[PDB]
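Undergrad: To start, I am sharing the structure in question, which I have written as structure tokens.
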Amino acid sequence: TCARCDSXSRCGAXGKXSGXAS
Amino acid sequence: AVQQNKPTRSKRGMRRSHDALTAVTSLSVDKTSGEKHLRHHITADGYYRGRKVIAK
Amino acid sequence: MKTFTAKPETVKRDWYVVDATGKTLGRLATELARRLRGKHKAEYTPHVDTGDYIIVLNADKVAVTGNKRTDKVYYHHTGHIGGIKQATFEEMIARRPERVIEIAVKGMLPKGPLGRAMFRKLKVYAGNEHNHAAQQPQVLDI
Amino acid sequence: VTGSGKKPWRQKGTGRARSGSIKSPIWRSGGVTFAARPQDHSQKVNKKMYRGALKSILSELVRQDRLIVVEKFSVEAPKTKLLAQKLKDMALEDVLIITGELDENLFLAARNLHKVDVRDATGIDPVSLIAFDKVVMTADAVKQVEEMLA
Amino acid sequence: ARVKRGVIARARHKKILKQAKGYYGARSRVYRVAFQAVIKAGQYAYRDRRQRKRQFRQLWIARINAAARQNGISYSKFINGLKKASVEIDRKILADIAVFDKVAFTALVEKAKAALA
Amino acid sequence: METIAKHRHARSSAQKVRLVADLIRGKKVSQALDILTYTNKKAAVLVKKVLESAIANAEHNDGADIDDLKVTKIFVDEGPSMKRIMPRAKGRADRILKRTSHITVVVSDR
Amino acid sequence: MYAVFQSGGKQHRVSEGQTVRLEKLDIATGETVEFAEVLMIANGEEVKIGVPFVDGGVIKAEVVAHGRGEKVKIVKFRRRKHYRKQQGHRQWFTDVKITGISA
RNA sequence: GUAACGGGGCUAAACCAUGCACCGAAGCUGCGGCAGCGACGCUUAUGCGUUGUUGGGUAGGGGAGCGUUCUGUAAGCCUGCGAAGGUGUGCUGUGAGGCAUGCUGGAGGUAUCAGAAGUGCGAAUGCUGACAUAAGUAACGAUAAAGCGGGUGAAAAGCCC
RNA sequence: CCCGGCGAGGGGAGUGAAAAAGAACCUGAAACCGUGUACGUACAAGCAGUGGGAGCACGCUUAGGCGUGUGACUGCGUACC
């Protein structure tokens, strides 16, 4: 899997996209 | 928009309390051939209200 | 052996007429809530409603002391935006004087289902006549 | 454990607990935390302690009527039927024969019997003099045991 | 020597689930919840073996005060009258006489009234 | 006399078939067949075959007198579900449980 | 006619022929015990106490059974502080049978 | 939202002074039971009718035990007239536990006293498998669009014409 | 052999010691999900228990106020790590 999604976390949800691949 | 505690099987059966099917029980009898049919519908042989209709 | 428990299906109840004319409100209401609970009977069980039926009449002629007739305020909240509503003692007397005795007694009774079934044995009246003459209420001097 | 030493999922950011190896002992197929090695379970017995134990057990074989001493106990031909009849004569069911000089015909005539054992006076051990019901010593075997232990 | 756990673990779980019968939901079906429920019932049993004596004492005193006021004396004056007469009957038996034998209780009230003055 | 018919491993969820099996419990079997004939569910088609097979197993094996029979005991149990993969968005794999049933109809004239 | 006596620090109200579960006495299972400390004998006309013992009354009872009651469970639990005790307890009792009230 | 006695209510059911009553704890006492330490009556493989006192407890120290698998005892003892395991019931120990049987099971278990441990799980966003919950809910993947007659068939909106 | 679509699945018959061994096959635990029965529940507020406790159901002994199941009502009681 690999789509990212937060402004800046390691893995949260968020509709943005530079922080986030679980 | 997600749950914080799993609902019980009591609450699950209470939600399904209104999911029950109303049985029909109102089948009409054709007067010509004596066949059971739905009320206001044709028969499996195809009569309706006594007189002959479609086919089959 | 075990301590006696009054069975709730063979409790013998009586009927009483109390005239609330000129008596103090809470000083009458605590003897009301005493006899409604059954504290005057030697067979008293706390989880059973062993008390009596009580008929209160002339409840618009009840007396309070001090300056409480123009200054004792009853508050109820309706459950809304503004909600808080506010009536004094003599407004309650002019409006529905049964609720004065009933609020006093319901406050002096326990909470829960059994306390409500104790409150159900209270028949308050703003007049001198009642309707339970079939029940033969022997007169109570409170 | 046969397997690779790479990290299964990266340190931060999945929903999983952190792991470092498929060979972790708290994971399936790849366990034992304190796995056994082949080891030697032998204990040291002092010479005087071993001989004091043999003297105590052989004294109890005397005092509990579990010791028989005969002049000679042998057999003419190596067949177990002769020793079977011979030990049924002497009322001996579960028996430890002990002989001074090590015999061959007596070693073959009792090799098949499990109730019977045959030892030299040199080859005594503490756990067999307690195990068998009766102990039949030769008089030469009593002389050799009394030499070896004193 | 490798020791499998399943039989003794199953016995130790079945004891706790057997002590959890009657309970609601996972409290009677699930070992994690039922263990906490069984320990909580144990704490309640410990606390309420003490609470029982207090509650029955309350009930006995309420019935003694009821029947004494049925006879015309309060509780405190009546217990004063039974101390000033050297009467050692406890409050359980006085509540039992107040329920079942009102004439014997009237006799005890007359005794305590005569001793009270 | 009880007479049992089963549809084991029926490809329908147990919750769907119980909603039709609760229509015809305690009914006479002649009335239950018409209830299942004019019911617009797929489970009615599944449970009508089991009811008809119970009628026939009664008639052929021991039985009596089809006018007498009642549907005394009807129940649906959960069967072995099939495990399937459903791809979703962003490389996530869901599983599909393809749930099966066991349908049991006991017919008995007394 | 009933009677109030006192055996194990507790008091008992009893009639002619009841079985009373007392605390354990050092009396064998056939001896008839006599409680001479009786607090009230009652009837239609009743002998109460003045001084705390009825001087001219005595109760006699046949000792029926020695035994132990229900096993009770003591649970001491201290949450978040790493402590619990489980303990069992059965209490000894003596079932006596009141054979005689002597007014 | 009454909201500065907990509440009802109170002109005492408020405050001060004098008392006597009474309620009130797991405190003290009464009855029964267990255990730890120090010591007297009878007396030793010392048991106690005894009797002084003690017995909340985290980190931690000390003492005593239960259960599980495997080894000796044991080519012994139980067991197809029913073992292990599973599921109830009863009895019993202060506890871990133990004993006996109903049913299921269908071939192995193991007294006592010693020995050795992969020896006891509820947590580690533990690991594997199974099954829930949300829920019969979202969705069924381009808004290019279908309608009828006949055929086949157990059954046709979708197949063939 | 019968139901069903020359189905799947089942009911008999038969093999067997056993189909409470039918191949989705020894034993068959728990979570989970049902059917039937007994009791409770639609004016009542909260870690769901505990202490008391009526009524009901079912075994009792040949009354004895006790067992088993449910638990109206009531005092106390804000999980575990």
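Numbering starts fresh at 1 for the residues of each chain in the structure tokens, the chains themselves are lettered A, B, ... in the order given, and ligands are numbered from 1 as they appear.
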What are the residues of chain D lining chain A at 12 Å or less? Count only C-alpha atoms, and put the answer as a ChimeraX atom specification.
TA: /D:9-16
Undergrad: Select all residues from chain B having any atom no more than 12 Å from an atom of chain H (counting only C-alpha atoms (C1' of nucleotides), ignoring ligands), output as a ChimeraX atom specification.
TA: /B:1-9,11-12,15-16,19
Undergrad: Taking only C-alpha atoms into account, what are the residues of chain F at most 9 Å from chain A, put as a ChimeraX atom specification?
TA: /F:90-92
Undergrad: With only C-alpha atoms (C1' of nucleotides) as the basis for distance, which of E:47, E:52, E:111, E:91 is at the shortest distance from chain H?
TA: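 Under the stated criterion, the closest residue is E:47.
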Undergrad: Near residue 93 (chain G), within 7 Å and counting only C-alpha atoms (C1' of nucleotides), which residues show up once chain neighbours fewer than 5 positions away are dropped, as a PyMOL selection string?
TA: chain G and resi 21-24+66-68
Undergrad: How many Å lie between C1' of residue 57 (chain I) and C1' of residue 39 (chain I), rounded to one decimal?
TA: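 So the two atoms, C1' of residue 57 (chain I) and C1' of residue 39 (chain I), lie 6.9 Å apart.
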Undergrad: For chain C, which residues have at least one atom within 6 Å of chain H, if we go by only C-alpha atoms (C1' of nucleotides)? Write them as number ranges by chain, please.
TA: C: 26, 75, 104, 107-108
Undergrad: Could you pull the residues within 10 Å of residue 49 (chain C), counting only C-alpha atoms (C1' of nucleotides), minus those fewer than 2 positions along the same chain, as a PyMOL selection string?
TA: (chain C and resi 6-8+11+13+36-38+44-47+51-52+114-115+117-118+121) or (chain I and resi 73)
Undergrad: Selected residues, N, CA and C atoms (P, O5', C5', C4', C3', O3' and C1' of nucleotides), written as a PDB file, in the first residue's frame, please.
TA:
```pdb
ATOM      1  N   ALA C   6     -42.414  -7.986  55.400  1.00  0.00           N
ATOM      2  CA  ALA C   6     -43.802  -7.816  54.990  1.00  0.00           C
ATOM      3  C   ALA C   6     -43.946  -8.165  53.516  1.00  0.00           C
ATOM      4  N   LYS C   7     -44.761  -9.170  53.219  1.00  0.00           N
ATOM      5  CA  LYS C   7     -45.010  -9.537  51.831  1.00  0.00           C
ATOM      6  C   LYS C   7     -45.855  -8.460  51.167  1.00  0.00           C
ATOM      7  N   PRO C   8     -45.472  -7.976  49.978  1.00  0.00           N
ATOM      8  CA  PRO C   8     -46.214  -6.877  49.342  1.00  0.00           C
ATOM      9  C   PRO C   8     -47.590  -7.228  48.788  1.00  0.00           C
ATOM     10  N   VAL C  11     -50.318  -6.681  52.443  1.00  0.00           N
ATOM     11  CA  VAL C  11     -50.188  -5.468  53.241  1.00  0.00           C
ATOM     12  C   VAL C  11     -51.556  -4.814  53.367  1.00  0.00           C
ATOM     13  N   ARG C  13     -53.837  -1.683  54.081  1.00  0.00           N
ATOM     14  CA  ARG C  13     -53.750  -0.237  53.969  1.00  0.00           C
ATOM     15  C   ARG C  13     -55.021   0.408  54.503  1.00  0.00           C
ATOM     16  N   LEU C  36     -47.004   7.937  54.559  1.00  0.00           N
ATOM     17  CA  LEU C  36     -47.027   7.353  53.218  1.00  0.00           C
ATOM     18  C   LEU C  36     -45.984   6.255  53.059  1.00  0.00           C
ATOM     19  N   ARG C  37     -44.862   6.358  53.766  1.00  0.00           N
ATOM     20  CA  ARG C  37     -43.810   5.355  53.662  1.00  0.00           C
ATOM     21  C   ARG C  37     -44.068   4.150  54.563  1.00  0.00           C
ATOM     22  N   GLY C  38     -44.791   4.338  55.659  1.00  0.00           N
ATOM     23  CA  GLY C  38     -45.093   3.272  56.582  1.00  0.00           C
ATOM     24  C   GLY C  38     -44.219   3.213  57.808  1.00  0.00           C
ATOM     25  N   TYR C  44     -42.874  -2.541  59.186  1.00  0.00           N
ATOM     26  CA  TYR C  44     -42.236  -1.758  58.133  1.00  0.00           C
ATOM     27  C   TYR C  44     -41.027  -2.462  57.529  1.00  0.00           C
ATOM     28  N   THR C  45     -41.077  -2.663  56.218  1.00  0.00           N
ATOM     29  CA  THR C  45     -40.000  -3.196  55.414  1.00  0.00           C
ATOM     30  C   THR C  45     -39.581  -2.103  54.441  1.00  0.00           C
ATOM     31  N   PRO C  46     -38.281  -1.828  54.263  1.00  0.00           N
ATOM     32  CA  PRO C  46     -37.901  -0.656  53.457  1.00  0.00           C
ATOM     33  C   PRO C  46     -38.143  -0.816  51.967  1.00  0.00           C
ATOM     34  N   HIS C  47     -38.143  -2.035  51.442  1.00  0.00           N
ATOM     35  CA  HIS C  47     -38.358  -2.259  50.022  1.00  0.00           C
ATOM     36  C   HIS C  47     -39.808  -2.569  49.684  1.00  0.00           C
ATOM     37  N   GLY C  51     -47.119   1.689  53.586  1.00  0.00           N
ATOM     38  CA  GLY C  51     -47.749   2.892  54.083  1.00  0.00           C
ATOM     39  C   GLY C  51     -49.234   2.949  53.796  1.00  0.00           C
ATOM     40  N   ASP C  52     -49.811   4.114  54.068  1.00  0.00           N
ATOM     41  CA  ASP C  52     -51.249   4.314  54.031  1.00  0.00           C
ATOM     42  C   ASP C  52     -51.654   5.191  52.851  1.00  0.00           C
ATOM     43  N   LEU C 114     -40.234   2.838  44.015  1.00  0.00           N
ATOM     44  CA  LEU C 114     -41.042   2.651  45.212  1.00  0.00           C
ATOM     45  C   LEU C 114     -41.466   3.985  45.815  1.00  0.00           C
ATOM     46  N   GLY C 115     -40.618   5.012  45.728  1.00  0.00           N
ATOM     47  CA  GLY C 115     -41.013   6.335  46.184  1.00  0.00           C
ATOM     48  C   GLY C 115     -42.123   6.956  45.358  1.00  0.00           C
ATOM     49  N   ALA C 117     -44.442   5.029  43.796  1.00  0.00           N
ATOM     50  CA  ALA C 117     -45.616   4.274  44.223  1.00  0.00           C
ATOM     51  C   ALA C 117     -46.082   4.642  45.629  1.00  0.00           C
ATOM     52  N   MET C 118     -45.227   5.276  46.436  1.00  0.00           N
ATOM     53  CA  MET C 118     -45.661   5.880  47.692  1.00  0.00           C
ATOM     54  C   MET C 118     -46.347   7.214  47.456  1.00  0.00           C
ATOM     55  N   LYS C 121     -50.199   7.317  46.600  1.00  0.00           N
ATOM     56  CA  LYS C 121     -51.211   7.171  47.636  1.00  0.00           C
ATOM     57  C   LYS C 121     -51.560   8.493  48.304  1.00  0.00           C
TER      58      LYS C 121
ATOM     59  P     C I  73     -38.192  -2.666  39.546  1.00  0.00           P
ATOM     60  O5'   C I  73     -38.275  -2.529  41.128  1.00  0.00           O
ATOM     61  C5'   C I  73     -39.415  -1.978  41.771  1.00  0.00           C
ATOM     62  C4'   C I  73     -39.339  -2.174  43.262  1.00  0.00           C
ATOM     63  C3'   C I  73     -38.130  -1.558  43.944  1.00  0.00           C
ATOM     64  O3'   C I  73     -38.287  -0.176  44.204  1.00  0.00           O
ATOM     65  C1'   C I  73     -38.406  -3.778  44.693  1.00  0.00           C
TER      66        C I  73
END
```
Undergrad: Just need the residues of chain G within 10 Å of chain E, counting only C-alpha atoms, so spit them out as a VMD selection string.
TA: chain G and resid 4 to 6 10 to 13 39 to 53 72 to 78 84 86
Undergrad: Write out as a list in words every residue belonging to chain H that has an atom at most 12 Å from any atom of chain F, counting only C-alpha atoms (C1' of nucleotides).
TA: residues 130, 131, 135, 136, 139, 141, 154 and 155 of chain H
Undergrad: Take the residues that were just selected and, keeping N, CA and C atoms (P, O5', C5', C4', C3', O3' and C1' of nucleotides), output them as a PDB file, in the first residue's frame.
TA:
```
ATOM      1  P     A H 130      -8.345 -18.599   9.319  1.00  0.00           P
ATOM      2  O5'   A H 130      -9.513 -18.733  10.386  1.00  0.00           O
ATOM      3  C5'   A H 130     -10.114 -19.987  10.669  1.00  0.00           C
ATOM      4  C4'   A H 130     -10.946 -19.917  11.922  1.00  0.00           C
ATOM      5  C3'   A H 130     -12.112 -18.951  11.883  1.00  0.00           C
ATOM      6  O3'   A H 130     -13.244 -19.488  11.233  1.00  0.00           O
ATOM      7  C1'   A H 130     -10.921 -18.655  13.894  1.00  0.00           C
ATOM      8  P     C H 131     -14.140 -18.578  10.267  1.00  0.00           P
ATOM      9  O5'   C H 131     -14.965 -17.659  11.263  1.00  0.00           O
ATOM     10  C5'   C H 131     -15.880 -18.238  12.175  1.00  0.00           C
ATOM     11  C4'   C H 131     -16.177 -17.337  13.345  1.00  0.00           C
ATOM     12  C3'   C H 131     -16.884 -16.036  13.041  1.00  0.00           C
ATOM     13  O3'   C H 131     -18.260 -16.196  12.758  1.00  0.00           O
ATOM     14  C1'   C H 131     -15.157 -15.650  14.600  1.00  0.00           C
ATOM     15  P     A H 135     -24.189   0.242  10.159  1.00  0.00           P
ATOM     16  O5'   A H 135     -25.026  -1.072  10.470  1.00  0.00           O
ATOM     17  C5'   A H 135     -26.235  -1.357   9.777  1.00  0.00           C
ATOM     18  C4'   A H 135     -26.291  -2.783   9.282  1.00  0.00           C
ATOM     19  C3'   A H 135     -26.187  -3.877  10.343  1.00  0.00           C
ATOM     20  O3'   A H 135     -27.048  -4.960   9.992  1.00  0.00           O
ATOM     21  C1'   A H 135     -24.494  -4.169   8.723  1.00  0.00           C
ATOM     22  P     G H 136     -28.574  -5.016  10.501  1.00  0.00           P
ATOM     23  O5'   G H 136     -29.435  -5.079   9.167  1.00  0.00           O
ATOM     24  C5'   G H 136     -29.227  -6.114   8.219  1.00  0.00           C
ATOM     25  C4'   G H 136     -28.398  -5.653   7.050  1.00  0.00           C
ATOM     26  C3'   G H 136     -29.166  -5.451   5.750  1.00  0.00           C
ATOM     27  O3'   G H 136     -28.529  -4.407   5.013  1.00  0.00           O
ATOM     28  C1'   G H 136     -27.487  -7.045   5.411  1.00  0.00           C
ATOM     29  P     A H 139     -23.667   4.408  -2.021  1.00  0.00           P
ATOM     30  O5'   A H 139     -22.799   3.426  -2.921  1.00  0.00           O
ATOM     31  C5'   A H 139     -21.432   3.682  -3.207  1.00  0.00           C
ATOM     32  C4'   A H 139     -20.713   2.413  -3.586  1.00  0.00           C
ATOM     33  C3'   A H 139     -21.268   1.682  -4.797  1.00  0.00           C
ATOM     34  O3'   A H 139     -20.703   2.162  -6.003  1.00  0.00           O
ATOM     35  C1'   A H 139     -21.009   0.162  -2.998  1.00  0.00           C
ATOM     36  P     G H 141     -21.553  -0.221 -11.631  1.00  0.00           P
ATOM     37  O5'   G H 141     -20.089   0.357 -11.481  1.00  0.00           O
ATOM     38  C5'   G H 141     -19.752   1.628 -11.994  1.00  0.00           C
ATOM     39  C4'   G H 141     -18.268   1.747 -12.190  1.00  0.00           C
ATOM     40  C3'   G H 141     -17.695   1.032 -13.393  1.00  0.00           C
ATOM     41  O3'   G H 141     -17.940   1.692 -14.617  1.00  0.00           O
ATOM     42  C1'   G H 141     -16.325   0.639 -11.514  1.00  0.00           C
ATOM     43  P     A H 154     -35.527 -28.202 -18.336  1.00  0.00           P
ATOM     44  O5'   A H 154     -36.284 -27.110 -17.465  1.00  0.00           O
ATOM     45  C5'   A H 154     -37.424 -27.443 -16.693  1.00  0.00           C
ATOM     46  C4'   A H 154     -37.410 -26.717 -15.373  1.00  0.00           C
ATOM     47  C3'   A H 154     -37.247 -25.209 -15.443  1.00  0.00           C
ATOM     48  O3'   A H 154     -38.469 -24.541 -15.705  1.00  0.00           O
ATOM     49  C1'   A H 154     -35.817 -26.106 -13.776  1.00  0.00           C
ATOM     50  P     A H 155     -38.686 -23.736 -17.079  1.00  0.00           P
ATOM     51  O5'   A H 155     -38.373 -22.224 -16.695  1.00  0.00           O
ATOM     52  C5'   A H 155     -39.098 -21.560 -15.672  1.00  0.00           C
ATOM     53  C4'   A H 155     -38.175 -20.788 -14.764  1.00  0.00           C
ATOM     54  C3'   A H 155     -37.443 -19.615 -15.396  1.00  0.00           C
ATOM     55  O3'   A H 155     -38.225 -18.431 -15.377  1.00  0.00           O
ATOM     56  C1'   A H 155     -35.922 -20.946 -14.137  1.00  0.00           C
TER      57        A H 155
END
```
Undergrad: Could the residues of chain G that have an atom at most 9 Å from chain H be listed as JSON lines, each with its closest atom pair and the distance in Å to one decimal, counting only C-alpha atoms (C1' of nucleotides) and ordered by chain and ascending residue number?
TA:
```
{"residue": "G:7", "atom": "CA", "partner": "H:31", "partner_atom": "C1'", "distance": 7.7}
{"residue": "G:8", "atom": "CA", "partner": "H:31", "partner_atom": "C1'", "distance": 4.2}
{"residue": "G:9", "atom": "CA", "partner": "H:31", "partner_atom": "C1'", "distance": 4.8}
{"residue": "G:10", "atom": "CA", "partner": "H:31", "partner_atom": "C1'", "distance": 7.7}
{"residue": "G:23", "atom": "CA", "partner": "H:32", "partner_atom": "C1'", "distance": 5.8}
{"residue": "G:24", "atom": "CA", "partner": "H:32", "partner_atom": "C1'", "distance": 6.1}
{"residue": "G:25", "atom": "CA", "partner": "H:32", "partner_atom": "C1'", "distance": 8.6}
{"residue": "G:81", "atom": "CA", "partner": "H:58", "partner_atom": "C1'", "distance": 6.2}
{"residue": "G:82", "atom": "CA", "partner": "H:58", "partner_atom": "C1'", "distance": 7.6}
{"residue": "G:83", "atom": "CA", "partner": "H:58", "partner_atom": "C1'", "distance": 8.8}
{"residue": "G:85", "atom": "CA", "partner": "H:95", "partner_atom": "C1'", "distance": 8.8}
{"residue": "G:86", "atom": "CA", "partner": "H:95", "partner_atom": "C1'", "distance": 6.8}
{"residue": "G:87", "atom": "CA", "partner": "H:94", "partner_atom": "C1'", "distance": 6.0}
{"residue": "G:88", "atom": "CA", "partner": "H:94", "partner_atom": "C1'", "distance": 5.8}
{"residue": "G:89", "atom": "CA", "partner": "H:94", "partner_atom": "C1'", "distance": 7.1}
{"residue": "G:90", "atom": "CA", "partner": "H:33", "partner_atom": "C1'", "distance": 8.8}
{"residue": "G:91", "atom": "CA", "partner": "H:33", "partner_atom": "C1'", "distance": 7.1}
{"residue": "G:92", "atom": "CA", "partner": "H:32", "partner_atom": "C1'", "distance": 7.1}
{"residue": "G:93", "atom": "CA", "partner": "H:32", "partner_atom": "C1'", "distance": 8.4}
```
Undergrad: Quick one: which residues from chain F are at most 12 Å off chain I, using only C-alpha atoms (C1' of nucleotides), as a PyMOL selection string?
TA: chain F and resi 2-11+13-15+18+21-22+25+46-63+72-81+101-107
Undergrad: Write out, as a compact mmCIF listing (two decimals), in the first residue's frame, the residues just selected, with N, CA and C atoms.
TA:
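Here's the written file part.txt:
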```txt
# COMPACT_ATOMS: atom_id res chain seq x y z
N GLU F 2 -41.45 -37.21 13.63
CA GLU F 2 -40.63 -36.20 12.98
C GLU F 2 -40.05 -36.73 11.68
N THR F 3 -39.86 -35.82 10.73
CA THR F 3 -39.27 -36.16 9.43
C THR F 3 -38.47 -34.95 8.96
N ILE F 4 -37.17 -35.14 8.78
CA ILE F 4 -36.23 -34.04 8.63
C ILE F 4 -35.79 -33.95 7.18
N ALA F 5 -35.71 -32.73 6.66
CA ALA F 5 -35.04 -32.45 5.40
C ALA F 5 -34.06 -31.31 5.61
N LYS F 6 -32.92 -31.40 4.95
CA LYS F 6 -31.88 -30.40 5.08
C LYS F 6 -31.43 -29.95 3.70
N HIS F 7 -31.09 -28.67 3.61
CA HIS F 7 -30.25 -28.15 2.55
C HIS F 7 -28.97 -27.71 3.25
N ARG F 8 -27.93 -28.52 3.17
CA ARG F 8 -26.66 -28.11 3.74
C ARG F 8 -25.84 -27.40 2.68
N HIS F 9 -25.10 -26.37 3.12
CA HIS F 9 -24.23 -25.52 2.29
C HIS F 9 -25.04 -24.73 1.26
N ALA F 10 -26.16 -24.16 1.68
CA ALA F 10 -26.94 -23.30 0.80
C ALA F 10 -26.26 -21.95 0.66
N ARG F 11 -26.12 -21.47 -0.58
CA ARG F 11 -25.39 -20.22 -0.83
C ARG F 11 -26.31 -19.04 -0.58
N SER F 13 -26.91 -16.07 2.99
CA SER F 13 -26.61 -15.73 4.37
C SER F 13 -27.69 -16.27 5.29
N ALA F 14 -27.29 -16.62 6.52
CA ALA F 14 -28.24 -17.16 7.48
C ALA F 14 -29.27 -16.13 7.90
N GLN F 15 -28.88 -14.85 7.96
CA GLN F 15 -29.81 -13.79 8.33
C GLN F 15 -30.92 -13.62 7.30
N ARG F 18 -33.34 -16.85 7.62
CA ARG F 18 -34.13 -16.86 8.86
C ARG F 18 -35.37 -15.98 8.75
N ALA F 21 -37.75 -18.25 7.09
CA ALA F 21 -38.02 -19.39 7.95
C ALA F 21 -38.88 -19.03 9.15
N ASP F 22 -38.95 -17.75 9.51
CA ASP F 22 -39.84 -17.30 10.57
C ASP F 22 -41.26 -17.04 10.09
N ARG F 25 -43.12 -21.14 10.52
CA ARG F 25 -42.96 -21.97 11.71
C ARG F 25 -44.30 -22.13 12.41
N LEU F 46 -35.30 -21.27 -1.79
CA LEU F 46 -34.44 -22.26 -1.13
C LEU F 46 -35.19 -23.10 -0.10
N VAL F 47 -36.06 -22.48 0.71
CA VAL F 47 -36.68 -23.21 1.80
C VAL F 47 -37.93 -23.96 1.34
N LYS F 48 -38.51 -23.60 0.19
CA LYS F 48 -39.64 -24.35 -0.33
C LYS F 48 -39.22 -25.71 -0.85
N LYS F 49 -38.01 -25.82 -1.41
CA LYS F 49 -37.51 -27.11 -1.86
C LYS F 49 -37.26 -28.04 -0.68
N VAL F 50 -36.80 -27.49 0.44
CA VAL F 50 -36.57 -28.29 1.64
C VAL F 50 -37.89 -28.74 2.24
N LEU F 51 -38.89 -27.85 2.27
CA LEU F 51 -40.21 -28.22 2.77
C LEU F 51 -40.85 -29.31 1.91
N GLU F 52 -40.80 -29.15 0.58
CA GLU F 52 -41.34 -30.16 -0.33
C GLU F 52 -40.61 -31.49 -0.20
N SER F 53 -39.30 -31.45 0.03
CA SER F 53 -38.53 -32.67 0.23
C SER F 53 -38.87 -33.33 1.56
N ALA F 54 -39.18 -32.55 2.59
CA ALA F 54 -39.62 -33.13 3.86
C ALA F 54 -40.99 -33.80 3.72
N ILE F 55 -41.90 -33.16 2.96
CA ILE F 55 -43.20 -33.76 2.63
C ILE F 55 -43.01 -35.10 1.94
N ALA F 56 -42.12 -35.14 0.96
CA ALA F 56 -41.91 -36.35 0.19
C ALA F 56 -41.19 -37.43 0.98
N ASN F 57 -40.26 -37.05 1.85
CA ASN F 57 -39.59 -38.04 2.69
C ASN F 57 -40.54 -38.61 3.72
N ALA F 58 -41.49 -37.80 4.20
CA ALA F 58 -42.55 -38.32 5.06
C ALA F 58 -43.42 -39.32 4.30
N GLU F 59 -43.95 -38.91 3.14
CA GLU F 59 -44.80 -39.76 2.30
C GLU F 59 -44.14 -41.09 1.94
N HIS F 60 -42.88 -41.04 1.51
CA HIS F 60 -42.25 -42.26 1.03
C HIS F 60 -41.70 -43.11 2.17
N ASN F 61 -41.12 -42.49 3.20
CA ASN F 61 -40.42 -43.29 4.20
C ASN F 61 -41.37 -43.87 5.24
N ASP F 62 -41.94 -43.03 6.11
CA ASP F 62 -42.98 -43.55 6.98
C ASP F 62 -44.33 -42.83 6.86
N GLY F 63 -44.42 -41.59 7.36
CA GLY F 63 -45.52 -40.65 7.19
C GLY F 63 -46.97 -41.05 7.34
N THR F 72 -43.29 -27.94 12.52
CA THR F 72 -43.09 -27.70 13.94
C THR F 72 -41.73 -27.07 14.24
N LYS F 73 -40.69 -27.49 13.53
CA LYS F 73 -39.32 -27.10 13.87
C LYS F 73 -38.57 -26.73 12.61
N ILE F 74 -38.33 -25.44 12.40
CA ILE F 74 -37.53 -24.97 11.28
C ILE F 74 -36.41 -24.08 11.80
N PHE F 75 -35.18 -24.37 11.38
CA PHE F 75 -34.08 -23.52 11.80
C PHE F 75 -32.99 -23.47 10.75
N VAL F 76 -32.28 -22.35 10.73
CA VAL F 76 -31.16 -22.12 9.83
C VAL F 76 -29.92 -21.95 10.70
N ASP F 77 -28.86 -22.68 10.37
CA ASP F 77 -27.58 -22.55 11.03
C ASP F 77 -26.57 -21.99 10.04
N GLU F 78 -25.45 -21.49 10.57
CA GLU F 78 -24.42 -20.90 9.73
C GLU F 78 -23.45 -21.96 9.26
N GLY F 79 -23.13 -21.93 7.97
CA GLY F 79 -22.25 -22.91 7.38
C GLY F 79 -20.87 -22.35 7.14
N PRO F 80 -19.98 -23.17 6.58
CA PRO F 80 -18.62 -22.71 6.27
C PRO F 80 -18.55 -21.63 5.21
N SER F 81 -18.11 -20.45 5.61
CA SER F 81 -18.01 -19.31 4.71
C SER F 81 -16.79 -19.44 3.80
N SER F 101 -25.37 -21.40 4.46
CA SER F 101 -26.33 -21.80 5.48
C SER F 101 -26.53 -23.30 5.48
N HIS F 102 -27.06 -23.79 6.59
CA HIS F 102 -27.70 -25.10 6.66
C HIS F 102 -29.16 -24.85 7.01
N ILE F 103 -30.07 -25.31 6.16
CA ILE F 103 -31.50 -25.13 6.36
C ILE F 103 -32.07 -26.47 6.79
N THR F 104 -32.81 -26.48 7.91
CA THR F 104 -33.37 -27.72 8.44
C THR F 104 -34.86 -27.52 8.68
N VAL F 105 -35.67 -28.37 8.05
CA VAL F 105 -37.12 -28.38 8.24
C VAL F 105 -37.51 -29.74 8.79
N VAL F 106 -38.13 -29.75 9.96
CA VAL F 106 -38.70 -30.95 10.56
C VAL F 106 -40.20 -30.86 10.41
N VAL F 107 -40.79 -31.83 9.73
CA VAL F 107 -42.23 -31.88 9.51
C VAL F 107 -42.78 -33.04 10.33
```
Undergrad: Report, in Å to a single decimal, how far apart CA of residue 3 (chain G) and CA of residue 15 (chain G) are.
TA: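 CA of residue 3 (chain G) lies 6.5 Å from CA of residue 15 (chain G).
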